[PDB]
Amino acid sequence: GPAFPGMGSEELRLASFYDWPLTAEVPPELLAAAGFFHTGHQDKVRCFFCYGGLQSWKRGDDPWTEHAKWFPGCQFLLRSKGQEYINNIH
């Protein structure tokens, strides 16, 4: 099961980005879709399922790509994107 079931909703995750500092650079919509919510501190985000945290986002970073790069064992990532996608990033 998810590490943090309470952030399993994409809409709740999107709502968490109300004070996101990088709107143009790394869209909240893409982050939320990729399982991430904003912790509220700097640009630190975390996946509701694997609880993997990421920060220091660069402009044009792709949330799904970063998810697979750093947390390839995440089952939310697997269910959403499939194994071929994860394999191709690694």
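When you see a residue number, it is the position in the sequence shown, counting from 1.
Asks: Quick check for you: using the entry's CA B-factors within this chain, is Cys47 in the lowest, middle or highest third?
Replies: Its C-alpha B-factor, which the entry lists for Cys47, ranks in the middle third among residues of this chain.
Asks: Would you mind checking where the Cα B-factor of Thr23 ranks among the modelled residues of its chain, as the lowest, middle or highest third?
Replies: Highest third.
Asks: Ranking every modelled residue in this chain by its Cα temperature factor as given in the entry, which third contains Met7?
Replies: Its C-alpha B-factor belongs to the lowest third of this chain's values.
Asks: Taking the values exactly as deposited, rank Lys81 by C-alpha B-factor within its chain and report the matching third: lowest, middle or highest.
Replies: Within its chain, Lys81 is a lowest-third residue by C-alpha B-factor, going by the deposited values.
Asks: Using the B-factor values recorded in the entry, state whether the Cα atom of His67 falls in the lowest, middle or highest third among the modelled residues of its chain.
Replies: Its C-alpha B-factor, which the entry lists for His67, ranks in the middle third among residues of this chain.
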